[PDB]
Amino acid sequence: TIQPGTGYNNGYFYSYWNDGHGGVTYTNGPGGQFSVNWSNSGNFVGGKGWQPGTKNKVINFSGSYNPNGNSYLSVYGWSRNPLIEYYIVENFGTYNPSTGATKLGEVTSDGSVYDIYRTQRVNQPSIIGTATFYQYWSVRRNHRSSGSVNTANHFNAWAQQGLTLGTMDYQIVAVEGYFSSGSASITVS
């Protein structure tokens, strides 16, 4: 059970961030496992993965995801030059995290169609401090809390839509919460 920050645990990179609102407990377990239990949290994102990620990694995950309010489960990461924050949402509760974003197209990957969106983040926190950057989204229609994600499918889809990715920074399977409650346990490989 740790406080916000980044580091490595049992062979995997981990990142845990929150807005200073309590109600969140994030725990690193053996291997690629992590568990998050939250009660009336603010905004937070946490999970395990790689640093840096790659543009062709096949990500495997399995677990239990039970949100009660705004929250999502997804492959989450960044790239630099250009600075991009991206998500491959596998599951979510209450509100589609892509809301308000501009839909570009769709991609069929790993047993499901995903809706592709792009949106601009203005003067918001990032891996390099407060900045303006674009977010790329791929939201899975058939929600699941276990499976395999071929990231290359989504990056190629995004590219075909004119969305370009820079040099990859870290890449993880993360659980996010936004003023809600719930719990999750995820094992990445």
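The residue numbers of chain A are those assigned by Swiss-Prot, with the residues present covering 35-223 sequentially.
Backbone N, Cα and C define each Cβ position, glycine as well.
So that you can see what the record holds, here are the features copied from Swiss-Prot:
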{"type": "CARBOHYD", "residues": "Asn71", "note": "N-linked glycosylation site"}
{"type": "CARBOHYD", "residues": "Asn94", "note": "N-linked glycosylation site"}
{"type": "BINDING", "residues": "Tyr106, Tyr110, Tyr121, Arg155, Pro159, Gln169, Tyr204", "note": "substrate binding site"}
{"type": "ACT_SITE", "residues": "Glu119", "note": "active site, nucleophile"}
{"type": "ACT_SITE", "residues": "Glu210", "note": "active site, proton donor"}
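Put simply, of the recorded positions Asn71, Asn94, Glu210, the one whose Cα is nearest the Cα of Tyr121 (substrate binding site) is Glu210. Take the binding-site residues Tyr106, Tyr110, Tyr121, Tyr204: by the count of other Cβ atoms within 10 Å of each Cβ, the lowest one is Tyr204. Ranking the recorded positions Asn71, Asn94, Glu119, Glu210 by the distance of their Cα atoms from the Cα of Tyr204 (substrate binding site) places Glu119 first.
The recorded positions close to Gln169 (substrate binding site), defined as a CA atom within 10 A of its CA, are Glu119 out of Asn71, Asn94, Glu119, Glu210.
The CA atom of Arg155 (substrate binding site) is located 9 Å away from the CA atom of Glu119 (active site, nucleophile).
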